[PDB]
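Just so it is clear: chains get the letters A, B, ... in the order the sequence lines come, proteins before strands, and each one is counted from 1. No hydrogens, no waters, no symmetry mates; every other heavy atom, side chains included, goes into these values. Counting starts at 1 for both ligands and their atoms, in listed order.
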Amino acid sequence: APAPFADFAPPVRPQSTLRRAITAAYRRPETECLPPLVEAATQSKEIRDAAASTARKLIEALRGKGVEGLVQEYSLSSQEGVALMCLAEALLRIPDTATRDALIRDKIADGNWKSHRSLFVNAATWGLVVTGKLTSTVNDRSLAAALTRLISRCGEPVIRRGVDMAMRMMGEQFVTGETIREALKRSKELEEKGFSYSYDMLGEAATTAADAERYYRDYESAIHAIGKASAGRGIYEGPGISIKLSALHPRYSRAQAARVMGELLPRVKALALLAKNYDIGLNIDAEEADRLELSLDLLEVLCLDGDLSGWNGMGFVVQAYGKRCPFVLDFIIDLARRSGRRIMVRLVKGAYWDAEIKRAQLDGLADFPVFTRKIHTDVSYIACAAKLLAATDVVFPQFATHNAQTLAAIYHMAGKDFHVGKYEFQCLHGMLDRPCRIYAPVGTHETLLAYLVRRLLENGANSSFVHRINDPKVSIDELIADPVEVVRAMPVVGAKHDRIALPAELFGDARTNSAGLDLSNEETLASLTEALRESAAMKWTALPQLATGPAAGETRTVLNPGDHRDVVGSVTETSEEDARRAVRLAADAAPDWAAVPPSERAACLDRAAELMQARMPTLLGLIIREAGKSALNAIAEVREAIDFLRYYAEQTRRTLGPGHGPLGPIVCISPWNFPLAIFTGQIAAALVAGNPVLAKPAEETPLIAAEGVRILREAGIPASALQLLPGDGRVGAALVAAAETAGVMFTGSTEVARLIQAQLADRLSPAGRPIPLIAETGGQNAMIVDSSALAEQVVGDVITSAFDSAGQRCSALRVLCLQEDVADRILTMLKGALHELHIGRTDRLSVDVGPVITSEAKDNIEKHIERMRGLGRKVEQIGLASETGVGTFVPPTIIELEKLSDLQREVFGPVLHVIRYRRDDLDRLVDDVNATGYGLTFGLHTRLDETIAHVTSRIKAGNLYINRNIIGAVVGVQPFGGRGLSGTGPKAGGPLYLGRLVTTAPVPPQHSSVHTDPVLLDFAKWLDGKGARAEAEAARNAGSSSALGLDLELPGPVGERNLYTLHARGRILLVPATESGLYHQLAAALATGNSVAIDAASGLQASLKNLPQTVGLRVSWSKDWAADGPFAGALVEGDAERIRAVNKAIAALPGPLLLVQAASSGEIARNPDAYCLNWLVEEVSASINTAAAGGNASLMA
Amino acid sequence: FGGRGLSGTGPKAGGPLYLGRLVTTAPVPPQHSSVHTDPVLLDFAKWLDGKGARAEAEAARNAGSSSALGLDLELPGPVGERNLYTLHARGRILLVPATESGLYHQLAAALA
Amino acid sequence: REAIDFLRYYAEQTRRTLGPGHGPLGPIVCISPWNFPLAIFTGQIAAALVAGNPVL
Ligand SMILES: Cc1cc2c(cc1C)N([C@H]1CN[C@H](C(=O)O)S1)c1c([nH]c(=O)[nH]c1=O)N2C[C@H](O)[C@H](O)[C@H](O)COP(=O)(O)OP(=O)(O)OC[C@H]1O[C@@H](n2cnc3c(N)ncnc32)[C@H](O)[C@@H]1O
Ligand SMILES: NC(=O)c1ccc[n+]([C@@H]2O[C@H](COP(=O)([O-])OP(=O)(O)OC[C@H]3O[C@@H](n4cnc5c(N)ncnc54)[C@H](O)[C@@H]3O)[C@@H](O)[C@H]2O)c1
């Protein structure tokens, strides 16, 4: 077998001194980066005065010199203007110019535009054009009303003017031309006036091999057309081309560096050879920060390649908003000297700022790779311009900026001696005597959208020059302010922006965010390689760790699921006798652990979090080898464990006091698929709530569990409070059945949860109440995609959601639902993206999908696939390398289904099912998704507000995701947990969790609602009318205490809105004994928005005579509980023997595990909280990607 | 300004629905739309699809979309005041149909 | 003030909405109370007139 991690992430080439200086600057503090840039950008008083004069002259000229004319002419509102341009866009899709005009005159202008994909799919873009503001989603009902109104008011003439305006903008303003031939023809004019051109064919972010081939042949054909037109003018006076490397390979990333050098580089070389033959410029555009250093490896190989010698047209963009910018320039200038090629360097400020802030926050990295104050980028730009102007003999500087102040400072910096070829300026199409190159987009209306939104966002940001030059409140004096001197006079030079949170500070004072690792950073990969190798040399063990000490037992090895030859460690498993002994020991330790004050227990959790953060690299290595995870997923799992510890610590400090007594010994049974995070989360919550814990890890992953217990014990948790019992489900069953077990936390399959519930149904606590079970189980998770979604975004989110971790996430996408009109195109792209995944042993950074956990899991998954294939369903699978034979692998698989009912149970593997639906059947489809009985995660890709409102109001799932993937819920941000067959609740990583692990629940932070259920109020009035005054008052009190209607936004990363809401659970089974008991149960259920089914065997029908219709609509009587489900909960009244018998009957009900609450008649009389309203509402988490339209509205401020 | 029940017929004076009552075909008032769809309307449309009443099901879906039920606006006014305007269900509508298709169209309108 | 506001509001609402397909009813009888003898008088009449109806 190959040595573990011997080939984890070797760099493409040895890192030179100059390359290492780039990497070292990646994320340094802004206060460190700025002072040297200030020093380099300083110019003399005489030059600064001359620059301000020149900048003033430029600005006065710009202010002394379209859609707004149309809006003014027809007195359109904003929404009418947007709707009119969406209509014109649609009308221009009709090719035959006479056919379009007939549709306008005879059909459209007569109002019936609806009868002739939403019209408003691209309205966010036209919103930007009309209003200057970006909205993430489209209010399509508002736009439809506006379009009806404006046509009914103004008729054919306004439509004609709209069409002619959209024609001019999309064919002449957004682009230089629709095809390279058209763009070249239109360039003759300004070329005669001294301008030059760089053409951009508008490809980026290839998803499939076919996409990358299409962009390649677009670039190749453009080079021919440009070179033919250039006709020997050369690289300075003649036109050139700009390319994006992300267009040329579907896996352009550091993780796939070997494929990039082997497959992408030859393509760039072939394009460069063609540009050399015509002697035109070929420029590599700069993209995301994590592609910068990868692109340098391509630049270096190309500049050293003798086949390209004799040609100085190779160009490369560097972004001044980047902290590495000066060091990148030092590297390029030295490469120019070594190679003897005069590299064309386009200096830009940077186009991806919002995305870089969001990415660094999501990844929990030390700092940003870009500046956070706009004035810092301006100083960086000027400093880097001074560096470039000092090297014009070896590089050709190209100053790409529209900012008149930046231009004037550089113009005077460059001095009086100028010749064509020394340097040039550049500008974007559609926005002194020095040459000026126009960056010219070329493409059809369809292909233009991503670039166009990015462009229009920059122009609309309050800090941007284009927005300020057009703002009449901004004086010229403000516009010509020297950024260098403004920064130099600041109190702390280079301070971070006050309103942008470092990743560590996302949650402010609540808790410290967990820190991740940058797998694009070569220093990180080099140190992580050594730590991973060292972790594979360790002799990992898992032992039964009882309060008294380690116990003996049957010992066996733990094998790497990706290669059974790799022994990871050894586990000693627990005998059923020792399991029962551990519970007795935990029972005897319970009072001492309960007596540790809650603040000290929380301090132990924070200490364990610090220890896990420090040990992350070693922990990664164990998770990769024991559980078959990739390094990316292992990082996220360790972060989740750290977040659980810190989140439950903070929730404890906010809530727990002397009256919230522990339950007693808690049995925590955890799954193999998150063998550290869910393991840690369950144990941490139970411990910090004051309960001693019996930890039973999954049989497949005991080593990381044992290491998590060692860390918790090292942090201060006493051995009597946390005992580790490795073994199989028989150990789990022995623990559950133990007499002193006071509660069970289970995460695993629904079937096993059902077996645990059955065992607990016979049981009562010493107080005669049911034993609490928190059971978080499977999901049959769906995603619905409509024809307004962006295919490229969808495919990326689908590939991640279905096949990350080999589909072994509870949240994994199982069923993709595609609107019929776009299904073929998305399926084609999805299959193409499937075939770009690398499957193998996960100790290589290049591996995307690892093994499934066992051969039994493999056999079960492959049996499902073959059944589908035998039924004739289309099955797409990628081929597995022969190396996978030594482990247990299932290839990522796509299966096309006819109906949603083709699926029986959850298939816990990398198997995506695809169904198609007609748009008018969307509501029926949501019904069919709900009808599986599951309710865990759900995704929706759409830009249309009406569709969002419809789907999110009708779907029944615990975790909703809009325009993003459906995996990787973040503790305290997307509290995680479903309903129905997916779980009992409360949600892990949410504010109701700890209250389930104490005998009296505390009031969670922010847990309240000003809304009162109206049926509850109707019931309390009815009670008053019947004379039941005490119960009527109790009902009103329940109405006020209920938190139904709570609606919160949770702190998190920029570019995302994370919502948390409390809803009704559904239909609650009521099993009353007395009339007053029934009234209290009904009040509790109605106050939390639920309907009820009342046990008809109680004989209390006469107690509810003549109910108001509003209350009767919610009440049903049940003689056969199993026939009237599924229920979402149960309330029971009776003595201990009655509660036990009812609990057994409820456990036998088919379907979901019901959260049961029981009370005696006397407790109902004595205790207004006899039934806890916290457990009668349902938590829903919704995470909305608000950057999905292409940028961040809030960050534009 | 204007009320319901014994207080008047509506539409409100000084409001955006007023002029539409004085023409034979009412226009779409400014800002008059809603992204919400009544769930019972949706159930009715599905029922219509199930019995093959395709044109009525189409009409029901279009009523569901064009309904402004759930509109919720803040109107411009003086500082120190928040002035809200919302559209709710009216109550129980008396339906006097003559034909089955007429009944389905009336029910769709009321449920939407 | 209210009479002035009715006039200007219904004028603006007309500019935002009314087109050739929004035909008038015909003669409208406007019956007004004594407690707002200018404002409600004007509001009813202005709305009927601007919608294209002659008023009694
Ligand atoms: C003129 C020009 C600009 C760019 C390119 C070519 C030319 C000729 N390159 C293009 C190719 N790919 C880009 C694309 O969208 O597909 S357009 C280019 C650019 N940017 C890249 O990252 N890679 C490239 O290959 N070009 C865009 C350029 O980076 C910039 O976005 C705009 O030109 C605007 O800059 P400006 O100097 O003319 O305007 P200013 O307003 O003075 O500055 C705006 C910039 O300031 C930065 N910024 C904003 N807010 C900030 C905060 N809070 N902190 C730190 N920096 C901030 C941003 O960079 C913003 O763009
Ligand atoms: N909703 C969630 O949060 C969530 C999270 C992760 C995984 N899951 C689900 O976990 C399942 C896959 O993981 P798994 O293979 O570990 O599930 P599993 O049900 O096979 O085993 C989970 C745990 O239960 C133990 N166990 C088995 N039988 C037992 C019994 N009779 N009594 C007591 N304990 C018993 C096992 O030893 C193991 O520790 C999937 O179905 C997944 O959907 C759910």
Side-chain angles (χ1 to χ4, degrees), chain A residues 198 200 202 204 242 244 283-288 317-322 346 348-354 357 368 370-378 380-381 398-407 425-429 431 437-439 441 450-451 454-455 457 459 461 463-468 497 500 667 669-675 678 696-701 727-729 731-737 744 746-753 755-756 775-779 808-812 853-854 857 906 908 936 958 969 976-978 982-983 987-988 1195-1196:
Chain A
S198 183
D200 162 40
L202 284 175
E204 73 182 68
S242 291
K244 283 178 168 66
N283 170 265
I284 302 172
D285 284 353
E287 301 182 79
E288 294 88 347
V317 180
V318 188
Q319 301 148 312
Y321 70 1
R346 178 199 296 152
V348 304
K349 288 187 191 173
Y352 305 88
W353 184 79
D354 296 328
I357 306 304
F368 301 100
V370 293
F371 300 111
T372 54
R373 301 198 182 210
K374 197 263 181 180
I375 196 164
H376 294 171
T377 297
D378 290 337
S380 175
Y381 194 98
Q398 303 162 299
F399 302 108
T401 177
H402 303 112
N403 188 317
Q405 196 283 327
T406 316
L407 289 168
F425 295 102
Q426 309 194 337
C427 63
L428 294 166
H429 173 78
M431 296 160 206
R437 190 176 308 271
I438 299 164
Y439 185 94
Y451 171 90
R454 209 166 42 236
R455 297 292 100 240
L457 288 167
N459 284 9
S463 59
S464 83
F465 177 80
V466 161
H467 189 260
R468 294 162 52 79
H497 195 296
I500 293 167
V667 174
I669 299 172
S670 53
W672 67 263
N673 71 316
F674 285 92
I678 291 183
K696 218 300 291 182
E699 46 272 53
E700 299 91 344
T701 57
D728 49 42
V731 178
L735 293 173
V736 174
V744 179
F746 174 80
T747 300
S749 59
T750 301
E751 307 93 276
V752 167
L755 286 166
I756 290 164
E776 306 296 276
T777 47
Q808 305 174 124
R809 293 181 182 258
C810 57
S811 55
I853 189 60
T854 57
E906 172 193 69
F908 205 67
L936 190 42
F976 186 80
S982 294
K987 287 173 169 284
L1195 274 188
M1196 296 166 72

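In this structure, A:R346 has a heavy atom closer than 4.0 Å to ligand 1. Taking 4.0 Å as the cut-off, A:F674 does not count as a neighbour of ligand 2 on heavy-atom distance. For A:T372, the heavy-atom gap to ligand 1 drops under 4.0 angstrom. Ligand 1 has no atom lying under 4.0 Å from any heavy atom of A:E204. Heavy atoms of A:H497 come nearer than 4.0 angstrom to ligand 1 in no pair at all. Under a 4.0 angstrom heavy-atom cut-off, A:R455 registers as being in contact with ligand 1.
Remark: ligand 1 atoms within the under-4.0 Å shell around heavy atoms of A:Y321 are 59 (O).
In this comparison of A:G958, A:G727, A:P675, A:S749, the heavy atom closest to atom 18 (P) of ligand 2 sits on A:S749. Among A:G732, A:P671, A:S670, the residue whose heavy atom sits closest to atom 38 (C) of ligand 2 is A:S670.
Using the six-membered ring where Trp is involved, A:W672 and A:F908 have ring planes that are perpendicular, over 60° apart on the 30 and 60° scheme.
For A:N283, the side chain to side chain donor-acceptor pair (under 3.5 Å) partners two or more places apart in sequence, or in a different chain, are A:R346. Under the side chain to side chain donor-acceptor pair (under 3.5 Å) criterion, A:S670 pairs with no residue at all, not counting sequence neighbours.
Ligand 2 has an N or O atom lying under 3.5 Å from an N or O atom of A:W672, backbone or side chain.
Rounding to the nearest 0.5 angstrom, the gap separating the CZ atom in A:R454 from the CG atom in A:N459 is 13.0 Å.
Contact annotation for A:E699 and ligand 2: only side-chain heavy atoms (C-beta onward) come within less than 4.0 Å of the ligand.
Checking side-chain atoms of A:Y321 against main-chain N and O of A:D378 turns up no donor-acceptor pair under 3.5 Å.
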